[PDB]
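J.: sequence first, structure after, both from an experimental entry:
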Amino acid sequence: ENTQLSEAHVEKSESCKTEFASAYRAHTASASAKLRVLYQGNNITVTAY
Amino acid sequence: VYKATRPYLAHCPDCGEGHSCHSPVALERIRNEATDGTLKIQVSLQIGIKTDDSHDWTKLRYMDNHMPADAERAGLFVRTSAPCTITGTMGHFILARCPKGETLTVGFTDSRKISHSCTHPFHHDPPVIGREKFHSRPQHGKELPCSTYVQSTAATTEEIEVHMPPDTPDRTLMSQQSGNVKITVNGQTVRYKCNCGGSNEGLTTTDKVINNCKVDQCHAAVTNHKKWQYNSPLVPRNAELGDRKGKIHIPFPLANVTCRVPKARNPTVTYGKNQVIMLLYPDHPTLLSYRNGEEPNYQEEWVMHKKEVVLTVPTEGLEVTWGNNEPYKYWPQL
Amino acid sequence: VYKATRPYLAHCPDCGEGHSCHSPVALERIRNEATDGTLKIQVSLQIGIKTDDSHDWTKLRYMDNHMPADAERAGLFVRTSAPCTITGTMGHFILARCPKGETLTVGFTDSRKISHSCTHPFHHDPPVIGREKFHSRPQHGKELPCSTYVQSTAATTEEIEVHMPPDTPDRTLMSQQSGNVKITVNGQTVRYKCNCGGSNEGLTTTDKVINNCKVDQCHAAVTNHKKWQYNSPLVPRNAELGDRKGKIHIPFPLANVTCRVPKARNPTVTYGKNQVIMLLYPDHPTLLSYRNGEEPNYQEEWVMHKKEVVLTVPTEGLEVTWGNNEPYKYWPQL
């Protein structure tokens, strides 16, 4: 008439703040590029969306 | 925190020669989340703390049957297939760098010698950090992100659950007076159960007598209530109190660090029509990886000895990585 | 020869737990030309010689920071994946029989204990002598030509390059007097360089002072000229002298000898139409080789356990070699 109650569950490990993977929904990529332009014998840098 | 906590005896499947015992060096949990190969081992005893609660790195405290006793830290050992290199010890925790194995053993020496060890089945074969399988850690090399359990004594982030003890069985607590059962507490908390009527419960802080009962029909065990113990699945829960829990910070938490590595030699390169030929001469196992455009078609192989590799170079280009070296880029001529 | 030479400190990539150090047991070169599996290991310390230059097999001399000190030979150890069997020690050289491994470690114990070890990545898996992979060396067997490094103390054939030492850096040699640099020699040869005008060279056997200079702007290192040291790529060359070299004979040279190899038992042979059937019963791994005429078609396999082999015997004949036994010849009946 002696019984043993076994209990178990699965929460985030202490490592979750350091070792983790992120699941993202990627949509509509924004293209950017700085175009070096040889303008009037000099190189000019243009950074635009 | 060690004034409230205590070392304990818990179930171990192998105390030596495949035989189970109530071990003072019982294994609780082996953590292997560190990419650098470091193992965070949890044990039933407490390292670096004496019986009087004082901190002493040369000492170790374990549960010696009824009461805790002092042991030497030098006698503490960790082994898999061969001995391990212990990198840090504090309380229930051990940090170790172990060779490839299928079991994990943690042991020590008492006062009257007598070696106590606990063997658990554990597959240890740590994965390679980087693209080169090396033996010793270098001073200079490529800085790659890796995780480790910090050598620091300080306990500020990670934690474990603690609660009031369970029960150490002791038949010396009971005697026959004169043909009845006498339970002498001796200034302790004793949990008793008798196969007789009247009173057979508790958890008592005072002496109890069971009239017209036999000593063989009774069970006695030393509790406690004044101390804390890790919420161990190898030790029973306290029946009297409900789901009463406590929590304490633990040493050596996992953190993001940097691991140093080395590099290999540049192979003798020969070119052909839309193809590259490399004569690889590795001194140790070296990872060889390559990719193309829209279809990269990633391929990898560990190069052990002298091997000639013929790779097709498409119009879009081919990127080749040979061990810890920076990737080589190849393009065909128009 | 040890009156002129001295033990030294040199770079080691792994002094324990993957950390680099200036090791008194630094590994120079590991030689594995001996077909019997014997390793000739070169180390920075000197075994079998005391600080007073006298020969004593129970003693070992290593560079203890500034000056050489005595250590026990019993404390010296060699290991790969597991401990090695040391077969001979003299000066910078160690002879060892090692099991299969990926690293090579050589260590010792000082006077105030403190273990010093040096780990280098080294692939050790010695090839089989003969046609049988055995564990222990037998008294009787087939005499096969093999090479080994002789156990003899005598140094008559092989040699190493030696020259005057470099400079053990020591910042304790310099002090501020009162806001200038004072270099106290202490009966040694000290090489100094200061980021100040006037005098900043030498190599001095006397005390030197650098006026209006800071202690952080200066560099001090043990000097010499009275001693010899192995021409080590882990120690810098002496800047003052040119390409001045010396040479000394070394113990344990490689020589052609004989290796005793075991054998096996003749298998139970049964014949058929243009074929031979052998029931192989090996007690240990045994090489089974066979060949035919114009087309020999050589085939080989290592037999581990009980295996039945069916071989075709052509009209020209079949030659079968089972381990260390003389080849069996088979021909079909007309």
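T.: Sure thing, it's come through. Residues are numbered from 1 along each chain as shown, chains lettered A, B, ... in the order given.
J.: quick one: the residue of chain A found nearest chain B and chain C, what's the gap?
T.: Distances between chain A and chain B by Cβ to the nearest Cβ are smallest at residue A:14, namely 4.5 Å. Where C-beta positions appear, they are placed from N, C-alpha and C, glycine not excepted. Between residue A:14 and chain C the computed distance is 24 Å (Cβ to the nearest Cβ, to the nearest Å).
J.: just the strands in the stretch 201-334 of chain B please.
T.: B:203-204, B:208-210, B:218-222, B:229-230, B:246-249, B:254-259, B:268-272, B:275-280, B:286-291, B:299-303, B:307-312, B:318-322, B:328-330 (DSSP state E, counting those that start in this stretch).
J.: can you list the strands that the third one pairs with?
T.: What that stands for is strand B:218-222. Using DSSP bridges, the strands paired with strand B:218-222 are strand B:168-169 (antiparallel), strand B:190-194 (antiparallel).
J.: for those, which one ends up most surrounded?
T.: strand B:190-194 (a mean of 20; mean count of other Cβ atoms under 10 Å in any protein chain shown).
J.: give me the number of neighbouring residues for the closest residue in space to residue B:238 that isn't next to it in sequence.
T.: Excluding the flanking residues, the one nearest residue B:238 by Cβ to Cβ, 6 or more residues apart in numbering or on different chains is residue B:164, at 5.2 Å. Residue B:164 has 19 neighbouring residues, counting by other Cβ atoms under 10 Å in any protein chain shown.
J.: residue contacts, residue B:164?
T.: B:223, B:224, B:225, B:227, B:228, B:229, B:238, B:241, B:244 (Cβ atoms under 8 Å, 6 or more residues apart in numbering or on different chains).
J.: go with 10 Å
T.: Going by Cβ atoms under 10 Å, 6 or more residues apart in numbering or on different chains, residue B:164 touches B:189, B:223-229, B:237-238, B:240-241, B:244-246.
J.: farthest pair within these?
T.: Largest separation among the contacts of residue B:164 by Cβ to Cβ: B:189 and B:245, giving 19.0 Å.
J.: so between the two, which is more surrounded?
T.: Legend: neighbour count by other Cβ under 10 Å for residue B:189 and residue B:245, higher for residue B:189 (21 against 11).
J.: once you drop chain neighbours, what's closest to that one?
T.: In this structure, residue B:189 finds its nearest non-sequential neighbour in residue B:223, 3.9 Å apart by Cβ to Cβ, 6+ apart.
J.: same check, this time on residue B:87
T.: residue B:95 (4.3 Å).
J.: following element in sequence after whatever helix or strand that neighbour lives in, please.
T.: Element membership of residue B:95, judged by DSSP states H and E, is strand B:85-97. The first helix or strand that comes after strand B:85-97 along the chain, using DSSP H and E, is strand B:101-109.
J.: tell me what that following strand is packed against?
T.: strand B:27-31, strand B:39-49, strand B:55-64, strand B:67-72, strand B:77-79, strand B:85-97, strand B:115-124 (3 or more Cβ pairs under 10 Å, 6 or more residues apart in numbering or on different chains; DSSP states H and E).
J.: list of residues touching the shortest one?
T.: Think strand B:77-79. Residues beyond strand B:77-79 that count as contacts (Cβ under 10 Å, 6+ apart) turn out to be B:25, B:39, B:41, B:43, B:83-87, B:89, B:94-99, B:101, B:103-109, B:115, B:117, B:119.
J.: apply 6 Å and report the result again.
T.: B:84, B:86, B:96, B:105, B:106, B:107 (Cβ atoms under 6 Å, 6 or more residues apart in numbering or on different chains).
J.: list the contacts of residue B:155.
T.: B:249, B:250, B:251.
J.: still on that earlier bit, ok, the closest residue to the residue of chain A closest to chain B other than its chain neighbours to residue B:120 distance?
T.: Ranked by Cβ to Cβ, 6+ apart and with sequence neighbours excluded, the top spatial neighbour of residue A:14 is residue B:158, at 4.5 Å. Using Cβ to Cβ, to the nearest Å, we find residue B:158 at a distance of 21 Å from residue B:120.
J.: then residue A:33?
T.: To residue B:120, residue A:33 is 57 Å away according to Cβ to Cβ.
J.: ok, now residue B:112?
T.: To residue B:120, residue B:112 is 26 Å away according to Cβ to Cβ.
J.: check residue B:291 too.
T.: Separation of residue B:291 from residue B:120 (Cβ to Cβ) stands at 42 Å.
J.: and residue A:16, helix, strand or coil?
T.: Following DSSP: H, G, I helix; E, B strand; the rest coil, we place residue A:16 in the helix state.
J.: enumerate every residue touching residue 46.
T.: If you meant another chain, say so; for now it's chain A. Taking Cβ under 6 Å, 6+ apart as the test, what residue A:46 contacts is residue A:35.
J.: I was thinking of chain B, sorry if that wasn't clear
T.: B:7, B:61, B:91.
J.: now those residues in JSON lines, with neighbour count?
T.: Putting the contacts of residue B:46 into JSON lines (neighbours: other Cβ atoms under 10 Å in any protein chain shown) gives the following:
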{"residue": "B:7", "neighbour count": "26"}
{"residue": "B:61", "neighbour count": "24"}
{"residue": "B:91", "neighbour count": "25"}
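J.: can you pull up the bridge partners for the nearest residue to residue B:134 once chain neighbours are set aside?
T.: The shortest distance from residue B:134 to any non-neighbouring residue, by Cβ to Cβ, 6+ apart, is to residue C:121 (5.7 Å). In this entry, residue C:121 is beta-bridged to residue C:103, by DSSP bridges.
J.: what's the burial count for residue B:216?
T.: Residue B:216 has 10 neighbours, counted by other Cβ under 10 Å.
J.: and it, how far is that from residue C:35?
T.: 72 Å.
J.: near chain B, which residues of chain A are found?
T.: For chain A, the residues in contact with chain B (Cβ under 6 Å from any Cβ of the partner chain) are A:14, A:15, A:18.
J.: now with 10 Å, please.
T.: A:2, A:4-8, A:13-19 (Cβ under 10 Å from any Cβ of the partner chain).
J.: what sits against the closest residue to chain C within the stretch 1-150 of chain B?
T.: Per Cβ to the nearest Cβ, residue B:137 is where the stretch 1-150 of chain B lies closest to chain C, at 1.6 Å. For residue B:137, the contact set (Cβ under 10 Å, 6+ apart) comprises B:36, B:97, B:129, B:259-262, C:13-20, C:119.
J.: can you do 8 Å?
T.: B:260, C:13, C:14, C:17, C:18, C:19, C:20.
J.: same thing with residue B:312?
T.: Contacts of residue B:312 were listed using Cβ under 8 Å, 6+ apart, and they are B:274, B:275, B:318.
J.: tell me, how many residues neighbour the last one?
T.: The reference is to residue B:318. Neighbours of residue B:318 (other Cβ under 10 Å): 21.
J.: circling back to that earlier point, of the contacts of residue B:137, which is the nearest to residue B:181?
T.: Out of the contacts of residue B:137, the member with the shortest distance to residue B:181 (by Cβ to Cβ) is residue C:17, at 57.5 Å.
J.: helix, strand or coil for the closest one?
T.: Look at residue C:17: counting by three-state DSSP, its state is coil.
J.: quick check: it vs chain B, distance?
T.: Residue C:17 is 6 Å from chain B, by Cβ to the nearest Cβ.
J.: number of nearby residues for residue A:1?
T.: 2.
J.: now swap in residue B:20 and tell me
T.: Based on other Cβ under 10 Å, the number of other residues close to residue B:20 is 10.
J.: OK, contacts around it?
T.: B:11, B:12, B:13, B:14.
J.: which of the residues you listed count as buried?
T.: B:11, B:12, B:14 (16 or more other Cβ atoms under 10 Å in any protein chain shown).
J.: now intersect those residues with the strands, please.
T.: B:11, B:12 (DSSP state E).
J.: so which of the residues of chain A next to chain B would you say is closest to residue C:147?
T.: residue A:19 (51.4 Å).
J.: re the thing from before, the residue nearest to residue B:87 contacts residue B:38, doesn't it?
T.: Yes - using Cβ atoms under 8 Å, residue B:95 is in contact with residue B:38, at 6.0 Å.
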